[PDB]
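Reproduced below: upload35.cif, with mmCIF, C-alpha atoms; chains and numbers go by the auth columns.
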data_target
loop_
_atom_site.group_PDB
_atom_site.id
_atom_site.type_symbol
_atom_site.label_atom_id
_atom_site.label_comp_id
_atom_site.label_asym_id
_atom_site.label_seq_id
_atom_site.Cartn_x
_atom_site.Cartn_y
_atom_site.Cartn_z
_atom_site.B_iso_or_equiv
_atom_site.auth_seq_id
_atom_site.auth_asym_id
ATOM 1 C CA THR A 1 376.566 54.413 -187.417 0.00 1991 A
ATOM 2 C CA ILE A 2 376.394 55.439 -191.108 0.00 1992 A
ATOM 3 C CA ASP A 3 372.598 55.472 -190.730 0.00 1993 A
ATOM 4 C CA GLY A 4 372.619 57.280 -187.386 0.00 1994 A
ATOM 5 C CA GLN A 5 371.973 54.284 -185.150 0.00 1995 A
ATOM 6 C CA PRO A 6 373.960 53.994 -181.915 0.00 1996 A
ATOM 7 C CA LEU A 7 376.648 51.425 -181.231 0.00 1997 A
ATOM 8 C CA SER A 8 376.474 51.478 -177.418 0.00 1998 A
ATOM 9 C CA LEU A 9 373.015 50.297 -176.372 0.00 1999 A
ATOM 10 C CA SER A 10 370.754 52.262 -174.052 0.00 2000 A
ATOM 11 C CA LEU A 11 370.009 51.657 -170.383 0.00 2001 A
ATOM 12 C CA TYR A 12 366.918 49.723 -169.278 0.00 2002 A
ATOM 13 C CA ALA A 13 366.692 50.274 -165.528 0.00 2003 A
ATOM 14 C CA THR A 14 364.770 48.118 -163.070 0.00 2004 A
ATOM 15 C CA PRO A 15 361.178 49.304 -162.428 0.00 2005 A
ATOM 16 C CA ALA A 16 359.561 49.634 -159.007 0.00 2006 A
ATOM 17 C CA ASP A 17 358.742 46.420 -157.171 0.00 2007 A
ATOM 18 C CA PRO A 18 355.162 45.497 -156.223 0.00 2008 A
ATOM 19 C CA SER A 19 354.746 46.408 -152.572 0.00 2009 A
ATOM 20 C CA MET A 20 353.095 44.349 -149.848 0.00 2010 A
ATOM 21 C CA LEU A 21 349.847 45.866 -148.614 0.00 2011 A
ATOM 22 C CA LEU A 22 349.558 46.445 -144.877 0.00 2012 A
ATOM 23 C CA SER A 23 346.634 46.923 -142.518 0.00 2013 A
ATOM 24 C CA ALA A 24 346.199 46.865 -138.766 0.00 2014 A
ATOM 25 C CA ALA A 25 343.532 45.896 -136.254 0.00 2015 A
ATOM 26 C CA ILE A 26 343.909 48.745 -133.789 0.00 2016 A
ATOM 27 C CA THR A 27 342.192 48.228 -130.456 0.00 2017 A
ATOM 28 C CA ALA A 28 340.426 50.312 -127.816 0.00 2018 A
ATOM 29 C CA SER A 29 339.357 49.884 -124.195 0.00 2019 A
ATOM 30 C CA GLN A 30 336.138 50.587 -122.351 0.00 2020 A
ATOM 31 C CA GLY A 31 336.464 49.935 -118.641 0.00 2021 A
ATOM 32 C CA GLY A 32 334.384 47.742 -116.409 0.00 2022 A
ATOM 33 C CA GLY A 33 331.068 48.920 -115.064 0.00 2023 A
ATOM 34 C CA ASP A 34 330.935 50.482 -111.627 0.00 2024 A
ATOM 35 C CA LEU A 35 329.009 48.243 -109.267 0.00 2025 A
ATOM 36 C CA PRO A 36 325.620 49.754 -108.304 0.00 2026 A
ATOM 37 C CA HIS A 37 324.096 50.556 -104.933 0.00 2027 A
ATOM 38 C CA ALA A 38 322.681 47.497 -103.189 0.00 2028 A
ATOM 39 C CA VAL A 39 319.069 47.561 -101.991 0.00 2029 A
ATOM 40 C CA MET A 40 317.788 45.364 -99.173 0.00 2030 A
ATOM 41 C CA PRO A 41 314.752 43.297 -100.243 0.00 2031 A
ATOM 42 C CA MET A 42 311.772 42.111 -98.240 0.00 2032 A
ATOM 43 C CA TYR A 43 312.018 38.431 -99.140 0.00 2033 A
ATOM 44 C CA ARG A 44 314.398 35.883 -97.662 0.00 2034 A
ATOM 45 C CA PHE A 45 317.443 34.514 -99.490 0.00 2035 A
ATOM 46 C CA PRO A 46 315.900 31.565 -101.465 0.00 2036 A
ATOM 47 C CA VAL A 47 313.076 33.690 -102.918 0.00 2037 A
ATOM 48 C CA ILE A 48 315.192 36.616 -104.088 0.00 2038 A
ATOM 49 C CA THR B 1 323.327 69.841 -131.022 0.00 729 B
ATOM 50 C CA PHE B 2 322.142 66.361 -130.153 0.00 730 B
ATOM 51 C CA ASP B 3 320.312 68.167 -127.410 0.00 731 B
ATOM 52 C CA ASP B 4 317.432 70.091 -129.096 0.00 732 B
ATOM 53 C CA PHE B 5 317.466 67.419 -131.797 0.00 733 B
ATOM 54 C CA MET B 6 315.900 65.140 -129.193 0.00 734 B
ATOM 55 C CA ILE B 7 313.224 67.766 -128.608 0.00 735 B
ATOM 56 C CA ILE B 8 312.457 68.139 -132.320 0.00 736 B
ATOM 57 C CA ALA B 9 312.143 64.361 -132.287 0.00 737 B
ATOM 58 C CA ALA B 10 309.255 62.690 -130.412 0.00 738 B
ATOM 59 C CA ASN B 11 306.923 65.605 -131.229 0.00 739 B
ATOM 60 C CA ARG B 12 305.026 64.681 -134.447 0.00 740 B
ATOM 61 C CA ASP B 13 303.685 68.273 -134.244 0.00 741 B
ATOM 62 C CA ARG B 14 306.636 70.216 -135.637 0.00 742 B
ATOM 63 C CA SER B 15 306.993 73.070 -138.090 0.00 743 B
ATOM 64 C CA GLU B 16 308.562 72.940 -141.539 0.00 744 B
ATOM 65 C CA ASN B 17 311.745 74.779 -140.568 0.00 745 B
ATOM 66 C CA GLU B 18 311.952 72.573 -137.470 0.00 746 B
ATOM 67 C CA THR B 19 311.769 69.351 -139.481 0.00 747 B
ATOM 68 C CA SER B 20 314.118 70.964 -142.016 0.00 748 B
ATOM 69 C CA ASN B 21 316.775 71.422 -139.321 0.00 749 B
ATOM 70 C CA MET B 22 315.969 67.860 -138.226 0.00 750 B
ATOM 71 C CA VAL B 23 316.641 66.450 -141.714 0.00 751 B
ATOM 72 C CA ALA B 24 319.794 68.591 -141.832 0.00 752 B
ATOM 73 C CA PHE B 25 321.028 66.984 -138.599 0.00 753 B
ATOM 74 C CA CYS B 26 320.233 63.477 -139.850 0.00 754 B
ATOM 75 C CA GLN B 27 322.022 63.966 -143.149 0.00 755 B
ATOM 76 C CA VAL B 28 325.094 65.457 -141.490 0.00 756 B
ATOM 77 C CA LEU B 29 325.012 62.261 -139.383 0.00 757 B
ATOM 78 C CA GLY B 30 324.872 60.339 -142.659 0.00 758 B
ATOM 79 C CA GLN B 31 327.832 62.293 -144.053 0.00 759 B
ATOM 80 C CA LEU B 32 329.663 61.361 -140.834 0.00 760 B
ATOM 81 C CA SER B 33 328.843 57.653 -141.109 0.00 761 B
ATOM 82 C CA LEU B 34 330.115 57.722 -144.701 0.00 762 B
ATOM 83 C CA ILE B 35 333.203 59.779 -143.843 0.00 763 B
ATOM 84 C CA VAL B 36 334.119 57.181 -141.231 0.00 764 B
ATOM 85 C CA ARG B 37 333.271 53.963 -143.082 0.00 765 B
ATOM 86 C CA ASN B 38 334.826 54.945 -146.413 0.00 766 B
ATOM 87 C CA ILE B 39 338.283 55.595 -145.021 0.00 767 B
ATOM 88 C CA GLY B 40 338.093 53.221 -142.052 0.00 768 B
ATOM 89 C CA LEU B 41 338.428 54.670 -138.562 0.00 769 B
ATOM 90 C CA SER B 42 338.361 52.108 -135.759 0.00 770 B
ATOM 91 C CA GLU B 43 337.507 54.601 -132.959 0.00 771 B
ATOM 92 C CA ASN B 44 340.885 54.595 -131.249 0.00 772 B
ATOM 93 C CA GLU B 45 341.878 56.495 -134.366 0.00 773 B
ATOM 94 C CA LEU B 46 338.738 58.665 -134.380 0.00 774 B
ATOM 95 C CA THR B 47 338.028 59.640 -130.762 0.00 775 B
ATOM 96 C CA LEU B 48 341.639 60.826 -130.529 0.00 776 B
ATOM 97 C CA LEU B 49 340.957 63.375 -133.240 0.00 777 B
#
For this file, produce the structure as structure tokens.
Amino acid sequence: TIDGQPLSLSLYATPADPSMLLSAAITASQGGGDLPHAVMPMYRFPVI
Amino acid sequence: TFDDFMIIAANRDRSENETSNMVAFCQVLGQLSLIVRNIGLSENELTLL
């Protein structure tokens, strides 16, 4: 203008959106235990 | 290693350099426990690496 001020206004672009925070419950695997060696007792079945 | 750290343990008659290496092992274990719990590593992530 006569003072040096613009006629066509400036751009005001859209800022970045707030994101959604993400996590994860990652999982592992330990196997089952190997069954041991059986030992014959000296007592009968009700006692042992 | 963790072997020969077991032997420095359970003595109670150990030299100053021996217990110094012992404290070194324990505080590198502490640096490990921090370096895992501060970032979060749920062991499928960690034992891979």
>> For a quick test of understanding: name the residues of chain A lying within 10 Å of chain B when counting only C-alpha atoms, and present them as an MDAnalysis selection string.
In response: chainID A and resid 2014:2019
> Excluding same-chain residues fewer than 6 positions from residue 754 in chain B, what lies within 10 Å of it counting all atoms listed in the file, as a PyMOL selection string?
Replying inline: chain B and resi 733+748+760
> How many Å lie between CA of residue 2020 in chain A and CA of residue 755 in chain B, rounded to one decimal?
Replying inline: 28.5 Å
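Distance-wise, CA of residue 734 in chain B and CA of residue 753 in chain B end up 10.9 Å apart.
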>> Could you check the closest approach to residue 736 in chain B for each of B:764, B:756, B:777, B:750 and tell me which residue wins, using all atoms listed in the file?
In response: B:750
> Between CA of residue 2012 in chain A and CA of residue 774 in chain B, what is the distance, to one decimal in Å?
Replying inline: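 So the two atoms, CA of residue 2012 in chain A and CA of residue 774 in chain B, lie 19.4 Å apart.
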